[PDB]
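Everything on this sheet refers to the single structure shown next.
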Amino acid sequence: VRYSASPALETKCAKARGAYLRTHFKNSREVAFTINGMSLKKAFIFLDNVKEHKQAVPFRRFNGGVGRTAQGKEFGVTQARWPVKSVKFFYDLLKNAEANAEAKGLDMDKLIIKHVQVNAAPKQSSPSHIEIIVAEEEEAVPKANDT
Amino acid sequence: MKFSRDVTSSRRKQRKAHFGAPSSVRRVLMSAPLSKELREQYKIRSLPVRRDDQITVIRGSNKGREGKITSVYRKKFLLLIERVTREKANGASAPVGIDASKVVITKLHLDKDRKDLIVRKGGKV
Amino acid sequence: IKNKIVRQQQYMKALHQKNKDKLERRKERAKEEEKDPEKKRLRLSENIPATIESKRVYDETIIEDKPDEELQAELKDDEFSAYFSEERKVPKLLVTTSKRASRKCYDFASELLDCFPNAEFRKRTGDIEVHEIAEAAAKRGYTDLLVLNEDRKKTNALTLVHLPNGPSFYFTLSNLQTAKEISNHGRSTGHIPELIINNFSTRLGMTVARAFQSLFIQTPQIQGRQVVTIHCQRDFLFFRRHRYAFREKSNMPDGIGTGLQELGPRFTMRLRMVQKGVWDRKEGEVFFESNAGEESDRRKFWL
Amino acid sequence: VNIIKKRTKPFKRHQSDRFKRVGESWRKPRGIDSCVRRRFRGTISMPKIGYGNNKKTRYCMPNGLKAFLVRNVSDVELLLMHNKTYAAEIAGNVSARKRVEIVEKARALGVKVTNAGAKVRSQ
Amino acid sequence: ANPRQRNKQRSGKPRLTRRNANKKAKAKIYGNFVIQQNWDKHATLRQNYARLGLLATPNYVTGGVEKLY
Amino acid sequence: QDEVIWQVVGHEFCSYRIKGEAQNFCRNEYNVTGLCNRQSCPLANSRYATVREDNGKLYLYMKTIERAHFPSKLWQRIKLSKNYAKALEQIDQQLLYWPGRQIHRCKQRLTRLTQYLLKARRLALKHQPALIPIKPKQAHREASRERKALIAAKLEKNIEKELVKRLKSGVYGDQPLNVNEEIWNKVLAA
Amino acid sequence: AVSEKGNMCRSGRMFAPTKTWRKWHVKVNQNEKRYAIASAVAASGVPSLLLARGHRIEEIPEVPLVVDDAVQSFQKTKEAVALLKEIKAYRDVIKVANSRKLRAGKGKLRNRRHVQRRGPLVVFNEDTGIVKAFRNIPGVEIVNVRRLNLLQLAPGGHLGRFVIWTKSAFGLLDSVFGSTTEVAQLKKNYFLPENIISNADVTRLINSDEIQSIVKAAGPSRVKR
RNA sequence: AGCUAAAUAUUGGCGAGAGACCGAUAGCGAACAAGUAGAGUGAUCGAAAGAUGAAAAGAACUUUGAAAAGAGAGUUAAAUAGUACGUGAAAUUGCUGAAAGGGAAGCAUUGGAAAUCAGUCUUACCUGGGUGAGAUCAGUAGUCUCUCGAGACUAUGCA
RNA sequence: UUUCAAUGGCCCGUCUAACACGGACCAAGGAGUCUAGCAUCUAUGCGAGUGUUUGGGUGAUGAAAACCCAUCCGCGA
RNA sequence: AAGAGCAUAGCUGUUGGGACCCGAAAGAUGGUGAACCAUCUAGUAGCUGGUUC
RNA sequence: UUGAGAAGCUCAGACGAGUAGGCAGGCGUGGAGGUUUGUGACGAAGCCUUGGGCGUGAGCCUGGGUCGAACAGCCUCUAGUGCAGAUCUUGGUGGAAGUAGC
RNA sequence: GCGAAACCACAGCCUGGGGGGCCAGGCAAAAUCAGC
RNA sequence: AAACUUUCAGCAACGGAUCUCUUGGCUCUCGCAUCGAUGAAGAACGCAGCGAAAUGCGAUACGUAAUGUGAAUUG
């Protein structure tokens, strides 16, 4: 499948995707743009707190009538909530995000979430497409001395 | 040009009577040219295609592969020759449809019917 | 079926059975393998996934690693000997360009010269031809001679000759990237880089690959830990220059796996023509011409 | 004669920037209610015959040679006596082989082919 | 288009094809046998009658006869 | 018989005319100026004189009223000499007492046909690149099989697989300088 | 016409349906028709109205081209390709053969798929195999000298159709059209038209001695500024 | 009190040949399952819907996942043709890159900054001697087609 | 091209100063057409004449085309 | 008061037809069920909106 | 001195808003005859474009990408030939909003 | 957790002068919620 | 500053226009005269090896006989 991201090279990256996911579109997005750019294993510890109401995810764009919480100020956002159905779907994807590097044979403890995408779907609600990119953090070699 | 008011020149009428012809018309539309060695001993430009003929393929990607016809598939307008088989992913082999107009007949499966067609249609045995 | 609505309902229900019994084939297989992991083995030793490298056309010129004398009798006495024998001639490169080249052809002509020390840059001026260049460049202690050949402000081809009579190779550059464009790039240094060359099974593979060994210095400085790669894969000659640093990586069995950081450039070649003798595009004898119709088979390789 | 243009910005139909149904090709407004028709100052201008260009340096490229669609190898032949007032513009659907033979002959007639470089990578 | 004629086309039974219409074949002579001999089939009626000696009408002809020479 | 064949072909339809935007051009092979003018069209003008090359050597073609009805024998021919001053003196001696407009054309189409041979000969003797065609079917195939063959090599992985093998085999001195102090002892453990 | 049984709505009828009693045919007086074949046959005798009409007759031996009477008994088409090459007319037939192209658009969904050119027209007198010999060469149309058609003597409206005449039908050109003062014998009350200008060439009276003796002293050409 | 062919009519029935007609919102309501699905108790009303590929070669096999699918792969010239299938416009949505935004943008004119594009400028031109080549040159011999000579030639010398 | 600066810039169409009325946007459809009659002007053909096509004759190569035309007749004189 | 007309075509106009598009309660005829349904009907403007380079 | 598409060429003056209206020249779309020894699987039409070019303008020509079988210029004939709008027809998609609400 | 719809030229600060927009002024910082 | 909004561009979605086709329509023309108590048109039901808005058929049921062609059918 032809993906939307310049990253996800064969070298140190792997991808999964999920299509025609019968959730809302304005609810998985704010989850998606929160988990974006983070490390992989931290995102797992992150989102399970959403599943036990230990951390709420901010609602930046589609902030319709979202009541203020005490923990939304960890990122500076006024409004946040605890969606449980959408983050259940992301856990299914991120298992495939692991289990694809587990078959490509990468290094798992330098693995960041590089590009998460959330799109619409052919209406039957407001279904969704999701594709995810997990990649190693592209480390840097120290320079040789002088010349 | 054609000078008969009882033949049709419209693409509509001709391209319908082809693709929806019955399986007796679909036989003489699948004919093959004879080889240059048979064209002079039977004096026949072309024969309708039987099963178990002895052909060679002139055109297509399967150029020059000789064989015998296994199943003359009158529905989809193509012969099916021996051991000219495109592979399949699963591990089995698939038959490649060679058009009946591309093959050249090298040895007929002569029978009483064909001979009684050969001896009258311009030639002999 | 001439209908469209029927045709994608008859197929939806047909797929949902083909998507059901495949699970029914694997569910009954799921219970006996954890009772008996020995049947797990055979299948794994039976149904290895088949890939293009494993389903090649059988070409008989795949030279095995067993040293046969007629090979080493040839290539120890060829014109690449000076860069392989005890003399160890440091090759002095000459990188010219196509006539009336542009700015976007010249910033790439500094990135290759970053890769190649013992390599000058001499922009082609006015009326001079490649066959007259080679004889005029061998008399001043030069070894090989590259020609970057742009068109319409993009570089598309690259020819290198071998002096004064050696084989001349006409690749075409593709998928061109500079050093600025790559994410997480690095600075190059004056250290002479190191070489790796992979997957040149064909005999012609060990004719080009020696003409790629012929551009690099025959013993490099290791302080820079810089590595240059020429990776043939499906007849594309990938060129990637990297800088490495060894660090522990538990996944690969030795535990020590380096981490690469690319420097640039990032180009990728085909192989079009090979001429023994200096490259004359019309007055030459062809060692190997690329057939653009016999490369349709993705399972046929010539490199 | 040095070529000159009385205008360089083309004309752009009124409110064809706001609405995506309204295209940018010019259409004279038809209502006397219009601000534009009465030519109120500050609104956009209009195509008039005033902006007509010089009757000798018309149809000329900025170089000075007018264009000419050559769609085969005997359409560049007519330009033999007109190589200092016409540029042989090759037509777009001409194949990338029939193109490379117009160039090699127009070059003998000294004719400027404007886009000889298409589909033609040189070696 | 028609209910009768939607029926045969959507079926698989060939139409009752009856080729029975070609012009320029002017009806051959029976009744008499001598005129069957001297008739030439391509030439029209009034060119056969007034070649082999007879009239098509004893009255006036209501048109301009052909003039070839 | 001349304004008849100009008010037919010059204004209604002629198969050689090319509707240009500032001019009109004539596709006739015996035109002296290339344009479809009155004093230029070879069909209306019924005494004409053109110069057109044929396989290296330039020719002069002339017609008259008294051969107009004989399209095979209509045009005669004179071969023009290589010396450019001889050819001008040979156009005049053949085109004598013809109007000054017509002889002006022939001498201008002699200057224009000599410059074509004096250029295409020098042009043929220079060494110039090869205009070779690009092909969309075979540059969309390369771009397709590139990325399928770039990711099918694990380009970065096979580099490091042998890079340690180049280390672990010991192509460098036992304690090299490209390695830190700690992990080399693991190679000693290896 | 559309079937007889709101044009802005979809599924609605089309605005003012086309109707079969549209005037499809058109009347033209017989003396303007008889004028056109008179004029379009004269164009077939002009060697320069044939080139501009798009014919490659630049090798033909004469205009009007009159082949002998024996051409009316040619039987096989290889006896017609024989004739058209000796008299160098076959370059027109090659212009028709080399130049069939698929019809641009939906003519080809409508039983016309192949456009091409118009080769010579062979005008015969007696049909003794001349029609059947030439009728399978591209371009060649065959018509009797008496029933000459305008759609073949000026196809597309452009005069100058290449006509190859037969001697037995060249003689009958004086009894079908007659003269300017004598009645055509194969037409009641036909006289060939005459001209509003007596000499068919008007820029060669102005330069005569009848005019340039009387005219006043000339001015210059395009004047100085 | 009565009969009777032919000339004449024919949006129907059994066939036929055409067309300056429409080209999937068009042309019949109906190019496909069409008076079908469906709506109304009933008389009746009554749609949407065409195109993978040349060939299904319709994706074997491995792995994650309860599933759906996903990823590696693999067929194809093309997967930038995967049955949500020819080309794939606009509205409209998400990501990435660069900008701008003190209770209004929008556009027009003149220019700054950033990005980027084109221009034939690549070279060409012109002028003597010497050396070699010949041709339209020969104080030269032949062929053919045309009309004495005008072209095409084959020799031989290249004065 | 994106943006900045300076200066200008009342939302389009229908109406009769503002209004009102229409306008969420995008795509494809969508409105002086055919026919008869009359009159003007122009073009052409013939001209004290003019008009073949109701028909007839003819047309082997779309034969519904083209071509030819008797006896009336219409308009004018 | 020494005839100027006839025929064909084009343009504009004018009337007549559905007559530039769309909208404006009606009535009739024949039926279905205890008002509805087709058809003439493409009912009706002095008028309201729209009428495309 | 060649500038004769006499429907061309050339010289000189004045003038330039424009409603109802009148006149004239052109641009573009689908089909038809003729023409371009017309273009096309070495890529036709279409489509997209921070590329270039022409015309006062309607429009046209072209480079790059995409794509896959047809298509255009010129002279005539022909019309179901041009959309910003009709509480316009059909289809698609937005803001209101994850609000109203169950 | 499911989830509309009405509506929609573009819109959103006040004073004075000829209304939201014009002229001259007061001023002018994001992003939101509850009464009103 | 990040976010948010707006604008530009690239990519991915949505969506099905454009282009190309065309076993369909529409129109004109030509030949012909043929339903039923010997049970018509229409309706219901059944019948296929695996059939599901379709076709054919009548318990001899996706048809038999007779003739002709001549070796297929197809998933």
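Shown in residue order for region F:154-161 are the 3J(HN,Hα) couplings computed by the Karplus curve 6.51 cos²θ - 1.76 cosθ + 1.60 at θ = phi - 60°: 6, 2, 6, 6, 5, 5, 6, 4 Hz (x for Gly and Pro). DSSP assigns beta bridges within chain D; of those with both partners inside it, close to 10 percent run antiparallel. The GluC sites (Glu not before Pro) of region C:1-53 that meet both conditions, a loop assignment by DSSP and at most 12 other Cβ atoms within 10 Å of the site Cβ, are C:34. Angle of helix C:10-33 to the longest C-alpha principal axis of chain C, folded into 0 to 90 degrees and rounded to 10: 90°. Here's how it looks for residue A:39: its modeled amide H is under 5 Å from those of A:113, which are all 5 or more places away or on a different chain. Averaging Cα coordinates gives a centre for region C:191-212 and one for region F:130-190; these two points are 12 Å apart.
Where the centre of each part is set by its Cα atoms, how far does region B:55-119 sit from region E:48-69, in angstrom? Between the Cα centres of region B:55-119 and region E:48-69 lies a distance of 65 Å.
Rg/Rh for chain D: what does it come to with C-alpha atoms and Rh from Kirkwood? Walk me through the numbers on the way to the answer.
On the way: Rg = 20.6 Å, Rh = 17.9 Å.
When Rh is taken as the Kirkwood radius, the ratio is 1.15.
Counting charges near residue C:253 (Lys, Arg +1; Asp, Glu -1) among other residues having Cβ under 15 Å from its Cβ returns a value of +1.
Toward the positive end of the charge dipole of region C:69-289, with +1 on the Cβ of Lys and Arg and -1 on the Cβ of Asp and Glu, the farthest Cα among C:141, C:101, C:198 is that of C:101. Here is the P(r) of chain A: all C-alpha pair distances, binned every 10 Å from 0, give 11, 37, 32, 14, 4, 2, 0 in whole percents.
Every helix of 4 or more DSSP H residues in chain E counts as -39500 (n - 2.57), and over all residues that averages to -6000 deg cm²/dmol at 222 nm. Where the alpha-carbon atoms of region F:86-135 are placed on the principal axes, they occupy 56, 25, 11 Å, in descending order. By the Cα gyration tensor, chain F has an equivalent ellipsoid whose semi-axes, rounded to whole angstrom, run 77, 23, 13 from largest to smallest.
Exceeding 21 Å between C-alpha atoms, which entries from my cross-link table qualify? They are C:55/F:135; C:249/F:154; D:119/F:148. Pairs exceeding 21 Å: C:55/F:135; D:119/F:148. Applying the criteria of a DSSP loop state and at most 14 other Cβ atoms within 10 Å to the GluC sites (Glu not before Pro) of region D:1-98 yields D:24.
With both partners inside chain C, how many of the DSSP beta bridges are antiparallel, as a percent to the nearest 5?
The answer is about 70 percent antiparallel.
Placing unit charges on each Cβ (+1 for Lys and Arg, -1 for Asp and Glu) gives chain F a dipole about its Cα centre, and among F:102, F:158, F:23 the Cα reaching farthest toward its positive end belongs to F:102.
With θ taken as phi - 60° and the Karplus curve 6.51 cos²θ - 1.76 cosθ + 1.60 applied, the whole-hertz 3J(HN,Hα) list for region A:31-40 is 4, 5, 7, 8, 6, 4, x, 9, 6, 7 Hz, x standing for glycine and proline.
Going from the residue with the fewest nearby Cβ atoms within 10 Å to the one with the most, A:134, G:96, F:51 rank G:96, F:51, A:134.
Net length available on complete extension from residue G:192 to residue G:35 is 55.7 nm, with 0.36 nm assigned per residue and the Cα-Cα distance removed. Checking the Cα-Cα distances for F:57/F:107; F:57/F:82; C:40/F:157; B:36/B:124; B:36/B:76; B:43/B:76 against a 18 Å cut-off, the pairs over it are C:40/F:157; B:36/B:76; B:43/B:76.
By the Cβ distance rule (another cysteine Cβ under 4.7 Å), the unpaired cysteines of the protein assembly as shown are A:13, C:105, C:115, C:232, D:35, D:60, F:14, F:41, F:106, G:9.
Most mobile of D:59, D:51, D:86 per a Gaussian network model of chain D (Cα springs, under 10 Å)? With Cα springs under 10 Å in chain D, the top fluctuation among D:59, D:51, D:86 is at D:51.
Computed from the Cα positions only, the extents of the protein assembly as shown along the three principal axes stand at 128, 87, 87 Å, in decreasing order.
In this structure, residue C:31 and residue C:53 have a Cβ-Cβ separation that, at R0 = 30 Å, corresponds to a calculated FRET efficiency of about 0.30.
Using θ = phi - 60° in the Karplus curve 6.51 cos²θ - 1.76 cosθ + 1.60, the 3J(HN,Hα) couplings for region B:82-88 round to 6, 6, 9, 10, 5, 6, 10 Hz; x is entered for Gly and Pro. Is the C-alpha gyration tensor of region C:105-224 telling us rounded, prolate or oblate? Criteria: a/c under 1.5 is rounded; beyond that, a/b larger than b/c is prolate, otherwise oblate. Since a/c stays below 1.5, the shape of region C:105-224 is classed as rounded. Rounded to the nearest 10 degrees, the angle from helix F:100-125 to the longest Cα principal axis of chain F is 20 degrees. Within chain G, what percent of beta bridges assigned by DSSP are antiparallel, to the nearest 5? In chain G, approximately 15 percent of DSSP beta bridges are antiparallel ones. Over chain C, DSSP H runs of length four or greater, each weighted -39,500 (n - 2.57), average out per residue to a 222 nm ellipticity of -6500 deg cm²/dmol.
Amide H contacts of residue A:13 (H built 1.01 Å from N, in plane; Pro and chain starts excluded): A:136 sit under 5 Å, all sequence-distant by 5 or more or on other chains.
Relative to one another, the C-alpha centroids of region A:66-127 and region E:1-34 are positioned 74 Å apart. Cross-link pairs exceeding 31 Å between alpha carbons, from the set G:23/G:101; B:13/B:88; C:180/C:276; D:5/D:28: G:23/G:101; B:13/B:88; C:180/C:276. Note on chain B: helix-only mean residue ellipticity at 222 nm, from DSSP H runs of 4+ residues weighted -39500 (n - 2.57) and normalised by residue number, equals -4000 deg cm²/dmol.
Since every read-out is calculated from the coordinates, none of them should be taken as a lab result. We place every Cβ from the backbone using ideal geometry, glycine too, and count neighbours over all the protein chains shown.
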